Amino acid sequence: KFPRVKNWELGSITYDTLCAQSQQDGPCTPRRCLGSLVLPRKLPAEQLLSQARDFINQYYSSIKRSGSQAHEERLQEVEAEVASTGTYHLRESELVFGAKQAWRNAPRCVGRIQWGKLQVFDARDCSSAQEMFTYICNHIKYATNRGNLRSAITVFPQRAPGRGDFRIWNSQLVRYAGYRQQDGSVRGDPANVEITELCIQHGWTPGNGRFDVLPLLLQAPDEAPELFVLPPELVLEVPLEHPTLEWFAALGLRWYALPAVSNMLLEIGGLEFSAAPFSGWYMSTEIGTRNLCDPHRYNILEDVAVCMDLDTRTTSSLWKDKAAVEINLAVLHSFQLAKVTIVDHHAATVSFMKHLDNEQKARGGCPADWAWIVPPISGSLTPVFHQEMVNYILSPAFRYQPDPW
Amino acid sequence: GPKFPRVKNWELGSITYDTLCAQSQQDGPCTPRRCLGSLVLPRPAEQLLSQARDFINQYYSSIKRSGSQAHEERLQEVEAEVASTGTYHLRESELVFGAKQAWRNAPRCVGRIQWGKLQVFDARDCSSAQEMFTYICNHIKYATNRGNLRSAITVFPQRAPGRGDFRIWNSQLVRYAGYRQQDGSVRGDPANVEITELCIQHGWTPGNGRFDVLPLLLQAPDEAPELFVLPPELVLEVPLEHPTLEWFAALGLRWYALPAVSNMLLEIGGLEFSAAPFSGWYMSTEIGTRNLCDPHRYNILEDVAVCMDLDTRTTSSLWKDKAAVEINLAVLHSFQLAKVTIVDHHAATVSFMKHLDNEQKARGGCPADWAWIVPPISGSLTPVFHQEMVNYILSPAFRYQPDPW
Ligand code: HEM
Ligand code: HEM
Ligand SMILES: Nc1ccc2ccc(CNCCc3cccc(F)c3)cc2n1
Ligand SMILES: Nc1ccc2ccc(CNCCc3cccc(F)c3)cc2n1
Ligand SMILES: C[C@H](O)[C@H](O)[C@H]1CNc2nc(N)[nH]c(=O)c2N1
Ligand SMILES: C[C@H](O)[C@H](O)[C@H]1CNc2nc(N)[nH]c(=O)c2N1
Ligand SMILES: [Zn+2]
């Protein structure tokens with residue numbers, strides 16, 4: 001049954017027919033909804049072949065040439081390759097199309113209005129961790145573009161049956177070290193304690209600051225990962241200050257410009273790309289609310305509240321809310337002043353509503369994960385709160401994969 | 001490991017498995033292919049007897065007498081009653097147990113820590129619209145208790161073979177009118193436009209303010225509903241003021257004290273109580289964020305922001321967020337000053353986390369609808385954001401039911 005999807009602010013209704021194209025089960029059943037789970041529980045040539053055919057069909061339909069010579073000859077090449085070898089290879093233009101489609105299909109992404117504007121670097125000719133690093137540096141330099149951020153992805157060689165994966169061990173290309181104490185507390189970013197510890201153990205000389213940028217651990221197939229320090233000139237950061245509260249800069253807070261996620265698997269036509277780091281730009285709430293105010297991240301709410309002289313002794317003063325707002329304001333202000341691309345959660349959700357509408361017209365639906373699309377402050381103040389959404393898995397897709405250690 | 005959903009808290013790192021969901025006998029709207037958890041309203045002799053036997057089994061476990069001789073004699077009496085009459089009837093203590101359990105089972109209610117403290121008024125002897133009114137007045141008086149609110153439900157007679165239902169037409173016992181204007185806008189609460197116009201069709205003389213309390217339309221079996229005006233002294237209201245912004249009082253905003261929901265069906269052991277109004281107290285975001293700030297509700301955000309002198313011409317000022325926070329603060333401050341029970345969103349979510357722990361031990365789980373439990377401002381600042389939840393239907397249950405017209 002095709003779901004009816006209602007917007008409760010406007011009264012409008014659509015029907016999602018794209019979901020019938022899903023060949024891939026999520027975590028829910030009629031007995032119970034597991035839509036709030038962050039990760040999946042779990043984490044043959046005929047099956048590869050049908051995923052391949054389907055993807056090649058998606059590709060040819062996208063260039064309008066769907067039935068042509070070229071199309072039927074490509075299907076046969078894929079077929080011949082699979083049958084003889086158990087696997088196949090994409091053409092670069094197919095890869096480019098598949099990478100954009102993976103982004104488009106990602107239900108947790110509120111930035112998808114931008115899905116067609118993606119620079120794709122083909123790095124499938126990579127044979128060593130040293131070469132990975134070179135490609136990574138060019139990606140960063142390109143994507144960063146002195147603050148005028150440009151969306152990008154770099155695709156390293158696919159998984160192959162007989163061998164280890166290319167992997168980037170770090171979860172993003174820029175991460176701040178998290179240093180555990182003998183007394184259990186963390187200095188820096190508690191989300192990165194484990195990667196920090198792996199880095200030291202592979203020979204990194206640690207720092208002891210709150211915002212020490214980590215080296216990368218890059219792994220070529222079946223080899224120990226190697227360590228590469230990013231040149232500081234490549235890592236653009238933004239000092240945080242507040243437009244009217246002058247002590248705020250005194251807090252010594254900063255964040256990096258480029259969100260470049262480096263641990264997700266890209267799946268295109270049944271092929272799997274274990275190292276395919278991608279980047280866009282930040283939505284301010286990711287920094288201002290989560291990364292700075294999460295209790296298990298930098299957890300700065302209390303410090304900010306005290307500096308604002310708020311009554312911290314009682315939840316009902318809404319001290320937490322008030323301090324969060326000002327931190328988000330600082331991030332927006334500081335990024336604007338530094339001429340580094342960023343989008344606020346109001347503008348982002350308004351763009352995503354436009355996206356839903358474009359996708360309704362173009363494909364009869366849009367898979368979206370409401371819990372992830374609605375921002376972590378001011379939820380009901382954004383239009384996406386009032387929008388019903390259908391979550392399902394289309395391919396090409398970005399997926400999670402096991403940590404390689 | 002365990003063959004049951006694994007549930008993680010990402011703030012604390014802790015894991016539980018929900019075994020309770022095994023007890024669900026009713027499908028929700030999700031399938032492996034697509035998740036529909038964000039939809040608001042997704043769309044009998046042996047059947048009754050099986051629901052009835054299960055509910056009686058639940059009652060007998062709750063008083064620890066399962067397999068007892070009184071347990072088996074009650075089961076026989078329910079078979080016999082259904083046998084000869086097509087239906088059966090609950091003992092008083094079974095109704096009290098069922099009502100509390102429907103509350104405990106409600107996945108969308110963040111206030112469930114209070115589930116065992118529910119006063120159950122048995123109004124199953126009611127035989128007229130006028131008597132419903134008296135019962136409802138008494139409910140309102142007991143529950144309001146001059147500001148020190150007490151949770152309560154009043155249960156009118158069950159649906160019965162052939163005979164018409166008891167219904168309260170109004171969605172809550174207190175509703176402000178919504179008067180559709182010539183210019184297409186609404187004075188009052190836009191949520192209540194259809195109920196307002198029903199009231200006037202049924203002979204109410206409408207006012208023209210923004211906070212006109214509506215009459216009730218009450219319907220006894222096989223009759224036209226009858227209109228009843230609540231005496232104003234029974235309807236406690238709280239004028240909104242802000243603790244430091246002295247002009248806020250001048251806006252003339254107010255809200256009523258008692259959230260008393262009146263259009264839900266209470267289902268117990270396959271019996272159906274079509275009128276069973278219940279009340280608790282408010283969480284402050286219901287008033288300050290949704291009712292006052294939804295665009296399709298009082299929509300006051302821009303007005304408040306202009307009084308605060310914010311820059312409303314750009315999203316990135318965070319004007320909506322700053323206004324909403326102040327409006328929520330005024331709600332909390334005003335209810336406090338007036339001594340009317342209210343709970344803020346931090347204290348409510350903290351208590352709900354306690355609830356989850358209590359239910360993990362008492363029954364192996366707790367059905368919860370993450371999108372509804374997480375408050376509409378300051379989401380990730382509350383501990384429930386970071387908590388995975390499993391949503392499923394257990395009975396006894398409160399259910400939506402179609403409007404009586
Ligand atoms: C151009 C600006 C972009 C913005 C503002 C943006 C925004 C976001 C946000 C806010 C999230 C949620 C992140 C979190 O809470 O952890 C997200 C998730 C994601 N976005 Fe984007 N996006 C952008 C570009 C991209 C690009 C370039 C890709 C891939 C090519 C992408 C793929 C994803 C994926 C796969 C997720 C899910 C991540 C996960 O499950 O952990 N987005 N997006
Ligand atoms: C004691 C104080 C209580 C608090 C603070 C409270 C809080 C809430 C809130 C905030 C919601 C969501 C409402 C909305 O967003 O529309 C809710 C939903 C609900 N609560 Fe409560 N609750 C309380 C008591 C009650 C009681 C006494 C009952 C029944 C006996 C109840 C049953 C429900 C149900 C059925 C819903 C779901 C409503 C729907 O689907 O529209 N709760 N609760
Ligand atoms: N601005 C952007 C754009 C794309 C992004 C893609 C992914 C991410 C990060 N999401 C990680 C979510 C997560 C954190 C920790 C554990 C986990 F399973 C999942 C952030 C993004 N931000
Ligand atoms: N504080 C309380 C306690 C119990 C409540 C029980 C129910 C409600 C109202 N929720 C109605 C949600 C709703 C609005 C509009 C359409 C719809 F289907 C559902 C509010 C409550 N607030
Ligand atoms: C448990 C819950 O699903 C989890 O905390 C999710 C909620 N929504 C989110 N939304 C975004 N955008 N990013 C997140 O990490 C999460 N976390
Ligand atoms: C589309 C979405 O499900 C809808 O707006 C929901 C989201 N969460 C909610 N949560 C609560 N508590 N109350 C609501 O009305 C809603 N609305
Ligand atoms: Zn689901």
Side-chain angles (χ1 to χ4, degrees), chain A residues 5-11 35 368 370-371 373-374 379-380 382-390, chain B residues 29 36-42 96 98-121 139 143 149-155 171-175 189-192 194 255-267 276-287 289-291 294-297 341-345 347-349 351-352 355 367-377 379 384 396-403:
Chain A
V5 185
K6 187 163 161 179
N7 178 301
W8 288 81
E9 169 184 350
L10 306 182
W370 191 95
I373 292 296
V374 173
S380 74
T382 66
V384 288
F385 184 94
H386 309 284
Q387 184 57 67
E388 300 176 344
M389 295 183 196
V390 187
Chain B
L36 255 15
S38 80
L39 300 223
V40 179
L41 301 169
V96 171
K100 290 181 183 154
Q101 205 76 355
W103 183 15
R104 175 185 200 184
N105 290 344
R108 285 171 174 181
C109 178
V110 72
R112 288 181 276 167
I113 188 81
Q114 290 290 151
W115 71 271
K117 170 141 217 205
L118 180 66
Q119 183 63 31
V120 185
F121 292 116
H139 182 132
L149 271 32
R150 304 184 284 204
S151 294
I153 184 167
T154 296
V155 184
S171 70
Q172 297 186 27
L173 307 181
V174 192
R175 295 272 71 189
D189 194 339
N192 296 329
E194 170 173 34
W255 208 262
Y256 52 85
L258 191 74
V261 170
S262 47
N263 61 178
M264 301 190 90
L265 182 137
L266 169 62
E267 178 268 314
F278 62 82
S279 65
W281 53 81
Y282 266 116
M283 180 165 83
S284 64
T285 56
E286 294 174 85
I287 298 168
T289 303
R290 297 310 305 292
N291 302 347
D294 276 0
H296 54 292
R297 292 296 293 295
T341 307
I342 185 144
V343 66
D344 72 78
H345 52 291
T349 54
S351 84
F352 182 72
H355 178 69
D369 183 334
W370 190 97
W372 278 67
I373 297 288
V374 174
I377 55 168
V384 295
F398 290 109
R399 297 176 356 199
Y400 295 121
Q401 54 182 336
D403 293 324

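Naming convention: chains lettered A, B, ... in sequence-line order (proteins, then strands); numbering from 1 in each chain. We count ligands from 1, going down the list as the structure has it; atoms in each ligand are counted the same way.
- Within the 4.0 Å heavy-atom criterion, neither part of B/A102 lies near ligand 2.
- The shortest contact between atom 10 (N) of ligand 6 and any protein heavy atom is with B/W372 CA, 3.2 Å.
- Taking 4.5 Å as the limit, every side-chain heavy atom of B/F398 sits out of range of all side-chain heavy atoms of B/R108.
- Close N/O approach between B/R290 and ligand 2 is not found [any backbone or side-chain N/O within under 3.5 Å].
- Counted by atom type alone, B/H345 and B/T285 present zero donor-acceptor pairs between their side chains at under 3.5 Å.
- Against a heavy-atom cut-off of under 4.0 Å, B/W372 is close to the following atoms of ligand 4: 12 (C).
- The part of B/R290 lying near ligand 6 is the side chain, judged by heavy-atom distances below 4.0 Å.
- Distance remark: protein heavy atom not present below 4.0 angstrom from atom 14 (C) of ligand 4.
- Considering backbone and side-chain atoms alike, B/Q172 places every N or O at 3.5 Å or more from each N or O of ligand 4.
- Counting protein heavy atoms only, atom 7 (C) of ligand 6 is closest to A/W370 CZ2, 3.5 Å.
- Evaluated by nearest non-hydrogen atom to atom 2 (C) of ligand 4, the leading choice among B/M283, B/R290, B/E286 is B/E286.
- Distance remark: protein heavy atom not present below 4.0 angstrom from atom 11 (C) of ligand 4.
- For the residue pair A/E388 / A/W8, a side-chain donor-acceptor distance below 3.5 Å is found, with atom types taken as modelled.
- Residue, atom and distance of the protein heavy atom nearest to atom 1 (C) of ligand 6 are A/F385 O, 3.4 Å.
- Counting heavy atoms closer than 4.0 Å to ligand 2, residue B/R112 contributes nothing at all.
- Considering only heavy atoms from C-beta on, B/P396 stays 4.5 Å or farther from B/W103 through its side chain.
- Every atom of ligand 2 with a heavy atom of B/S151 under 4.0 Å away is listed here by number and element: 1 (C).
- Which of B/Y282, B/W372, B/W281 comes nearest to atom 3 (C) of ligand 2 through a heavy atom is settled by distance: it is B/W281.
- In B/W103, the part holding a heavy atom less than 4.0 Å from any atom of ligand 2 is the side chain.
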